[PDB]
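Q: So that we are looking at the same thing, I have put the structure below in structure tokens.
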There are 2 protein chains.
Amino acid sequence: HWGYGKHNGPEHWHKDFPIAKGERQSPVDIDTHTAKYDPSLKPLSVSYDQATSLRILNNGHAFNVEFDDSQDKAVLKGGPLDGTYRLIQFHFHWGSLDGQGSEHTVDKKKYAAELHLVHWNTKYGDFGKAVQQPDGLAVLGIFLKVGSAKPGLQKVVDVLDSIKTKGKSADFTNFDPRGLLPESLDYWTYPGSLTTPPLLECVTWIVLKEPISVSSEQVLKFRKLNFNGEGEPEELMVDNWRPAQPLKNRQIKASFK
Amino acid sequence: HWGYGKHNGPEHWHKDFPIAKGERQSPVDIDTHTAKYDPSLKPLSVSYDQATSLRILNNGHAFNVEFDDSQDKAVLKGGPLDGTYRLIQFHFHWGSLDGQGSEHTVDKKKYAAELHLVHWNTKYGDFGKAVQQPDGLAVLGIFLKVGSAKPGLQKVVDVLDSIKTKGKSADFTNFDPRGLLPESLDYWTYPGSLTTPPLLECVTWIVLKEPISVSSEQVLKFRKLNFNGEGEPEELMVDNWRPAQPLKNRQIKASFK
Ligand SMILES: *C(=O)c1ccc(S(N)(=O)=O)cc1
Ligand SMILES: *C(=O)c1ccc(S(N)(=O)=O)cc1
Ligand SMILES: [Zn+2]
Ligand SMILES: [Zn+2]
Ligand SMILES: [Zn+2]
Ligand SMILES: [Zn+2]
Ligand SMILES: [Zn+2]
Ligand SMILES: [Zn+2]
Ligand SMILES: [Zn+2]
Ligand SMILES: [Zn+2]
Ligand SMILES: [Zn+2]
Ligand SMILES: [Zn+2]
Ligand SMILES: [Zn+2]
Ligand SMILES: [Zn+2]
Ligand SMILES: [Zn+2]
Ligand SMILES: [Zn+2]
Ligand SMILES: [Zn+2]
């Protein structure tokens with residue numbers, strides 16, 4: 001099974017998931033010299049007021065907060081997107097140290113972590129069908145840096161002891177994903193992939209300019225999760241990020257000047 | 001994710017897995033009026049003397065006992081097979097009640113459960129390559145009925161509380177799969193598929209005429225496993241069987257009169 005170790009990590013994924021060497025792999029470095037303002041980009045519309053969180057789970061790679069996606073209760077519209085994209089889950093990638101953790105980079109700067117809000121195009125009926133289409137998914141990416149506590153993160157951090165090991169979950173209701181947003185929704189966009197196997201080239205990436213602050217205490221809780229199952233030797237869940245992949249022919253567009 | 005429930009069960013698999021309606025799907029009903037004796041069928045050769053069991057796991061569908069398959073320590077030869085097929089794992093399918101559980105049926109009779117010993121053709125180098133070939137796999141199917149205890153099953157039943165939930169596994173060494181066999185190796189054979197997604201049409205089915213007896217105590221322990229993971233509400237692992245699929249143009253051959 002794939003992971004982030006010496007023998008099963010990003011360098012090895014291509015052996016089991018051939019698309020790992022595809023033409024539209026994520027993440028990428030965002031060079032602010034070439035990622036030019038596009039005045040044709042319509043404003044981004046985030047509609048999270050009625051978001052219904054269901055569960056949180058350790059899947060052995062990250063932790064996922066899952067949402068009720070049977071209705072348009074939490075949707076992304078506008079920006080680069082045609083149609084309605086329903087929030088299915090969010091998760092983070094983070095480092096062993098503050099100087100690393102983000103998948104995307106900005107002028108090669110790595111952040112402490114990266115938040116991925118995962119949405120699928122309602123045009124396709126379910127998530128499984130959406131991942132087979134270039135316009136199937138929209139992932140909202142938000143950078144994390146270490147400073148002040150993020151109050152909206154506290155409810156997540158406070159349940160992580162209940163899902164320390166792989167295959168554990170917990171009921172996780174009334175979580176407001178608006179409390180994880182920065183002030184600006186100014187963004188970069190480019191066509192890309194899932195950053196974990198199966199690495200499918202189905203994602204419109206929307207990466208926010210403005211990082212959120214989390215406390216070193218909040219990021220320390222992330223680093224105390226385990227990759228391993230209960231009863232196995234401890235492997236700390238850290239450095240669960242894929243490095244920058246070749247931009248190849250793609251255009252990164254900025255929503256801002 | 002696929003399963004055995006109202007919305008994700010065998011009736012619905014075709015929506016996600018088009019091969020579910022393929023030309024060689026398993027299981028099938030074995031009608032003893034049309035499944036005729038074939039005098040050309042060689043005796044079956046089961047060579048399990050050096051079988052090396054490694055681990056047992058709850059994968060959320062059944063429980064698998066895994067074998068060291070790096071050598072010809074546990075192989076199926078003869079009968080309808082060209083070449084050597086290495087034992088990789090066995091698992092069962094079973095019901096909520098004694099009147100159902102088997103995948104294959106004989107003259108429409110369902111048994112309480114069915115054991116699948118899974119082997120792959122050494123011609124193809126590994127299991128992953130073997131599942132892509134029509135002659136890649138050989139599954140030995142054995143029917144379970146409720147009567148006397150199967151002594152050879154007790155070591156399996158005794159470890160099931162330790163793998164109650166999905167993802168759980170345990171060391172499971174020195175298990176002798178010969179202790180799960182009936183006295184007669186008389187069999188039916190036909191070309192078919194995996195009975196679970198991905199339902200690949202890669203299997204020579206060898207189904208034994210003679211069922212084994214298990215105790216009602218032994219089958220009760222099967223019914224106490226969980227489909228769910230740790231932290232989810234209990235869903236009993238019962239009725240993890242696919243019903244009879246259309247025979248279409250296939251010939252079922254009997255090794256016996
Ligand atoms: C699977 O549902 C999946 C895999 C990767 C990602 S990412 N890291 O590209 O946001 C999302 C979902
Ligand atoms: C997977 O390796 C797999 C799936 C199904 C079966 S079955 N039920 O056809 O014996 C065996 C192996
Ligand atoms: Zn290579
Ligand atoms: Zn590999
Ligand atoms: Zn530059
Ligand atoms: Zn709102
Ligand atoms: Zn995984
Ligand atoms: Zn859903
Ligand atoms: Zn991600
Ligand atoms: Zn702005
Ligand atoms: Zn536990
Ligand atoms: Zn249908
Ligand atoms: Zn489906
Ligand atoms: Zn589907
Ligand atoms: Zn008949
Ligand atoms: Zn599964
Ligand atoms: Zn089976």
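The way I read the labels, and the way they are meant: chains A, B, ... in the order of the structure tokens, residue 1 as the first residue of every chain, and ligand 1 as the first ligand shown, with later ones counted on from there.
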Could you pull the residues within 9 Å of residue 197 in chain A, counting only C-alpha atoms, minus those fewer than 2 positions along the same chain, as a compact mmCIF listing (two decimals) with N, CA and C atoms, in the first residue's frame?
A:
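Output file part.txt is given in full below:
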```txt
# COMPACT_ATOMS: atom_id res chain seq x y z
N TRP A 2 0.51 2.26 -0.80
CA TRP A 2 1.21 3.57 -0.90
C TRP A 2 1.22 4.29 0.45
N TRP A 13 5.10 6.13 -6.31
CA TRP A 13 3.66 5.99 -6.63
C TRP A 13 3.45 5.54 -8.08
N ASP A 16 2.54 1.88 -9.24
CA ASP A 16 1.20 1.31 -8.95
C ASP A 16 0.11 2.19 -9.56
N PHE A 17 0.39 3.48 -9.76
CA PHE A 17 -0.58 4.49 -10.27
C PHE A 17 0.07 5.23 -11.43
N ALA A 20 0.61 9.05 -12.21
CA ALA A 20 1.54 9.86 -11.37
C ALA A 20 2.51 10.65 -12.26
N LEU A 194 -5.71 14.99 -8.07
CA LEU A 194 -5.55 14.47 -6.70
C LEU A 194 -4.05 14.41 -6.37
N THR A 195 -3.65 14.85 -5.17
CA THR A 195 -2.23 14.81 -4.71
C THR A 195 -1.91 13.48 -4.00
N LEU A 199 -4.56 9.87 -7.86
CA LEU A 199 -3.82 10.94 -8.60
C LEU A 199 -4.56 11.34 -9.88
N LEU A 200 -5.88 11.21 -9.90
CA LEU A 200 -6.70 11.40 -11.11
C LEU A 200 -6.69 12.89 -11.50
```
Q: Please identify every residue of chain A that has at least one atom no more than 8 Å from any atom of chain B, counting only C-alpha atoms, and report them as a list in words.
A: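 Matching residues, ligands excluded from the count: residues 128, 167, 168, 169, 170, 171 and 229 of chain A.
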Q: Between CA of residue 123 in chain B and CA of residue 84 in chain B, measure the distance and give it in Å to one decimal.
A: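 Spanning CA of residue 123 in chain B to CA of residue 84 in chain B is a straight-line distance of 7.8 Å.
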Q: Which residues are near ligand 12 in this structure, taking near to mean any atom at most 12 Å from a ligand atom and counting only C-alpha atoms and all ligand atoms? Format them as a VMD selection string.
A: chain B and resid 7 to 18 20 to 21
Q: What would the file look like if the residues just selected were written as a CSV table (one decimal), in the first residue's frame with C-alpha atoms?
A:
```csv
chain,number,residue,atom,x,y,z
B,7,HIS,CA,-28.1,1.0,-1.7
B,8,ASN,CA,-24.5,-0.4,-2.3
B,9,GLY,CA,-25.2,-4.1,-2.6
B,10,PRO,CA,-25.0,-6.7,-5.5
B,11,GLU,CA,-28.2,-5.3,-7.2
B,12,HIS,CA,-26.5,-1.8,-7.4
B,13,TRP,CA,-22.8,-2.9,-8.3
B,14,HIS,CA,-23.5,-2.6,-12.1
B,15,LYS,CA,-23.9,1.3,-11.7
B,16,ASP,CA,-20.2,1.6,-10.5
B,17,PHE,CA,-18.7,-1.6,-12.1
B,18,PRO,CA,-19.9,-2.2,-15.7
B,20,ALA,CA,-21.0,-6.8,-13.2
B,21,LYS,CA,-23.2,-7.6,-16.3
```
Q: If you count only C-alpha atoms and all ligand atoms, which residues end up within 8 Å of ligand 10, as number ranges by chain?
A: A: 184-186, 255-257
Q: What parts of range 183-222 of chain B does DSSP call helix (DSSP H, G or I)? I'd like the answer as a list in words.
A: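 Helix (DSSP H, G or I) members of range 183-222 of chain B, listed: residues 216, 217, 218, 219, 220, 221 and 222 of chain B.
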Q: Keeping N, CA, C and O atoms for every residue in the selection just given, could you write it to a file as a compact mmCIF listing (two decimals), in the first residue's frame?
A:
```txt
# COMPACT_ATOMS: atom_id res chain seq x y z
N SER B 216 -23.22 -24.73 14.78
CA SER B 216 -24.01 -23.48 14.86
C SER B 216 -23.23 -22.45 15.71
O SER B 216 -23.28 -21.27 15.36
N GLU B 217 -22.45 -22.91 16.70
CA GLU B 217 -21.54 -22.06 17.53
C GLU B 217 -20.47 -21.43 16.62
O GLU B 217 -20.24 -20.20 16.72
N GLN B 218 -19.85 -22.22 15.74
CA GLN B 218 -18.81 -21.72 14.80
C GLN B 218 -19.44 -20.66 13.88
O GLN B 218 -18.85 -19.59 13.75
N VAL B 219 -20.61 -20.92 13.30
CA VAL B 219 -21.20 -19.97 12.31
C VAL B 219 -21.71 -18.73 13.07
O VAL B 219 -21.67 -17.63 12.47
N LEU B 220 -22.13 -18.87 14.33
CA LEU B 220 -22.58 -17.73 15.17
C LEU B 220 -21.43 -16.71 15.33
O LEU B 220 -21.71 -15.50 15.32
N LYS B 221 -20.18 -17.17 15.49
CA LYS B 221 -19.00 -16.29 15.63
C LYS B 221 -18.79 -15.49 14.34
O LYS B 221 -18.42 -14.29 14.46
N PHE B 222 -18.95 -16.10 13.16
CA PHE B 222 -18.89 -15.38 11.86
C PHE B 222 -19.85 -14.18 11.93
O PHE B 222 -19.45 -13.07 11.56
```
Q: For range 104-106 of chain A, list every protein, DNA or RNA residue within 8 Å, evaluated using only C-alpha atoms, and leave out those in the same chain fewer than 3 positions away; present the list as a VMD selection string.
A: chain A and resid 26 to 32 109 to 111 114 243 to 244
Q: List all protein, DNA and RNA residues that have an atom no more than 12 Å from any atom of ligand 17, counting only C-alpha atoms and all ligand atoms, and report them as a PyMOL selection string.
A: chain B and resi 26-27+61-64+89-94+101-104+113-119+138-143+193-197+199+203+205+207+240-243
Q: Let's have the selection written as a compact mmCIF listing (two decimals), in the first residue's frame, with N, CA and C atoms.
A:
```txt
# COMPACT_ATOMS: atom_id res chain seq x y z
N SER B 26 -19.79 -14.58 -11.79
CA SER B 26 -19.93 -15.57 -10.71
C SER B 26 -20.57 -14.92 -9.50
N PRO B 27 -21.28 -15.68 -8.64
CA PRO B 27 -21.44 -17.13 -8.81
C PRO B 27 -22.57 -17.48 -9.81
N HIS B 61 -15.61 -6.50 4.22
CA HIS B 61 -16.45 -7.32 3.32
C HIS B 61 -16.52 -8.76 3.85
N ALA B 62 -15.36 -9.31 4.21
CA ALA B 62 -15.20 -10.63 4.84
C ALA B 62 -13.96 -10.58 5.74
N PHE B 63 -13.46 -11.75 6.15
CA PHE B 63 -12.12 -11.88 6.75
C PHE B 63 -11.29 -12.82 5.87
N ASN B 64 -10.04 -12.42 5.66
CA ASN B 64 -9.03 -13.08 4.81
C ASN B 64 -7.95 -13.64 5.72
N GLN B 89 -4.88 -16.50 -0.36
CA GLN B 89 -5.78 -16.27 0.80
C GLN B 89 -7.01 -17.18 0.68
N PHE B 90 -7.68 -17.40 1.81
CA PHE B 90 -9.06 -17.93 1.87
C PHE B 90 -9.92 -16.95 2.68
N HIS B 91 -11.21 -17.02 2.42
CA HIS B 91 -12.26 -16.23 3.09
C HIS B 91 -13.56 -17.00 2.95
N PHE B 92 -14.59 -16.56 3.66
CA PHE B 92 -15.95 -17.13 3.59
C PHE B 92 -16.92 -16.04 3.17
N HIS B 93 -18.07 -16.48 2.68
CA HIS B 93 -19.35 -15.73 2.59
C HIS B 93 -20.37 -16.50 3.43
N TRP B 94 -21.22 -15.81 4.19
CA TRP B 94 -22.22 -16.45 5.07
C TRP B 94 -23.47 -15.58 5.23
N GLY B 101 -26.51 -17.89 2.57
CA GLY B 101 -25.10 -17.56 2.81
C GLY B 101 -24.20 -17.94 1.66
N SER B 102 -24.43 -19.08 1.01
CA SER B 102 -23.58 -19.54 -0.12
C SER B 102 -23.78 -18.61 -1.33
N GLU B 103 -22.74 -18.47 -2.15
CA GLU B 103 -22.78 -17.72 -3.43
C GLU B 103 -23.28 -18.69 -4.52
N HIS B 104 -22.51 -19.72 -4.81
CA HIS B 104 -22.98 -20.84 -5.66
C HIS B 104 -24.16 -21.52 -4.96
N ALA B 113 -23.05 -21.10 4.31
CA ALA B 113 -21.83 -20.33 3.97
C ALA B 113 -21.06 -21.02 2.84
N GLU B 114 -20.04 -20.35 2.34
CA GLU B 114 -19.15 -20.86 1.27
C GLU B 114 -17.73 -20.37 1.57
N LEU B 115 -16.79 -21.30 1.56
CA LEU B 115 -15.33 -21.06 1.68
C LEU B 115 -14.72 -20.94 0.27
N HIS B 116 -13.90 -19.91 0.07
CA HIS B 116 -13.16 -19.62 -1.18
C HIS B 116 -11.67 -19.65 -0.86
N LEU B 117 -10.98 -20.67 -1.33
CA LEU B 117 -9.50 -20.72 -1.37
C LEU B 117 -9.04 -20.14 -2.71
N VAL B 118 -8.30 -19.03 -2.65
CA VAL B 118 -7.94 -18.17 -3.82
C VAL B 118 -6.49 -18.46 -4.20
N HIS B 119 -6.28 -18.83 -5.46
CA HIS B 119 -4.96 -19.19 -6.02
C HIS B 119 -4.73 -18.41 -7.31
N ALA B 138 -7.62 -19.46 -9.86
CA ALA B 138 -8.44 -20.66 -9.61
C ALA B 138 -8.96 -20.53 -8.18
N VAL B 139 -10.29 -20.48 -8.05
CA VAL B 139 -10.91 -20.46 -6.71
C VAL B 139 -11.56 -21.82 -6.44
N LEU B 140 -11.08 -22.47 -5.39
CA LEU B 140 -11.69 -23.69 -4.81
C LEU B 140 -12.80 -23.23 -3.85
N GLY B 141 -14.05 -23.55 -4.21
CA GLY B 141 -15.27 -23.25 -3.44
C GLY B 141 -15.74 -24.48 -2.69
N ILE B 142 -15.98 -24.31 -1.39
CA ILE B 142 -16.48 -25.41 -0.50
C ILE B 142 -17.70 -24.89 0.25
N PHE B 143 -18.81 -25.62 0.16
CA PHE B 143 -20.08 -25.30 0.85
C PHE B 143 -19.98 -25.62 2.34
N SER B 193 -15.85 -15.29 -12.64
CA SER B 193 -15.31 -13.99 -12.15
C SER B 193 -15.04 -14.03 -10.65
N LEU B 194 -14.34 -13.00 -10.16
CA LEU B 194 -14.44 -12.55 -8.76
C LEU B 194 -15.91 -12.30 -8.42
N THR B 195 -16.36 -12.70 -7.23
CA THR B 195 -17.76 -12.47 -6.76
C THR B 195 -17.92 -11.13 -6.03
N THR B 196 -16.84 -10.37 -5.90
CA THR B 196 -16.84 -8.99 -5.34
C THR B 196 -16.19 -8.07 -6.35
N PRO B 197 -16.57 -6.78 -6.41
CA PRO B 197 -15.82 -5.79 -7.18
C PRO B 197 -14.32 -5.91 -6.91
N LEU B 199 -14.79 -7.80 -9.77
CA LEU B 199 -15.65 -8.75 -10.54
C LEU B 199 -14.96 -9.18 -11.85
N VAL B 203 -11.29 -16.12 -13.47
CA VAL B 203 -11.36 -17.27 -12.52
C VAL B 203 -11.80 -18.55 -13.23
N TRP B 205 -13.39 -21.52 -11.76
CA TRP B 205 -14.12 -21.98 -10.55
C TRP B 205 -14.06 -23.50 -10.43
N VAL B 207 -15.76 -25.99 -7.75
CA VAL B 207 -16.71 -26.04 -6.61
C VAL B 207 -16.89 -27.51 -6.19
N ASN B 240 -23.00 -11.43 3.32
CA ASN B 240 -21.90 -10.90 2.48
C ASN B 240 -21.71 -11.79 1.24
N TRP B 241 -22.82 -12.14 0.57
CA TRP B 241 -22.85 -13.05 -0.60
C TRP B 241 -23.56 -12.38 -1.77
N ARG B 242 -23.07 -12.65 -2.97
CA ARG B 242 -23.68 -12.26 -4.26
C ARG B 242 -24.56 -13.41 -4.75
N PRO B 243 -25.82 -13.15 -5.17
CA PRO B 243 -26.68 -14.21 -5.69
C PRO B 243 -26.19 -14.75 -7.05
```
Q: Which residues form the shell of 7 Å around ligand 8 when you count only C-alpha atoms and all ligand atoms, given as a PDB file with N, CA and C atoms, in the first residue's frame?
A:
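Output (part-v2.pdb):
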```
ATOM      1  N   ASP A  68     -22.382  15.964   4.697  1.00  0.00           N
ATOM      2  CA  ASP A  68     -23.583  15.538   3.947  1.00  0.00           C
ATOM      3  C   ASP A  68     -23.584  16.264   2.595  1.00  0.00           C
ATOM      4  N   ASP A  69     -23.418  15.498   1.520  1.00  0.00           N
ATOM      5  CA  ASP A  69     -23.317  16.004   0.128  1.00  0.00           C
ATOM      6  C   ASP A  69     -24.517  15.520  -0.695  1.00  0.00           C
ATOM      7  N   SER A  70     -25.618  15.144  -0.051  1.00  0.00           N
ATOM      8  CA  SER A  70     -26.871  14.726  -0.735  1.00  0.00           C
ATOM      9  C   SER A  70     -27.621  15.957  -1.277  1.00  0.00           C
ATOM     10  N   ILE A  88     -17.605  17.629  -0.013  1.00  0.00           N
ATOM     11  CA  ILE A  88     -17.700  16.215   0.452  1.00  0.00           C
ATOM     12  C   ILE A  88     -16.798  16.051   1.675  1.00  0.00           C
TER      13      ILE A  88
END
```
Q: What's the separation between CA of residue 129 in chain A and CA of residue 41 in chain A, in Å to one decimal place?
A: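 Interatomic distance here is 26.6 Å.
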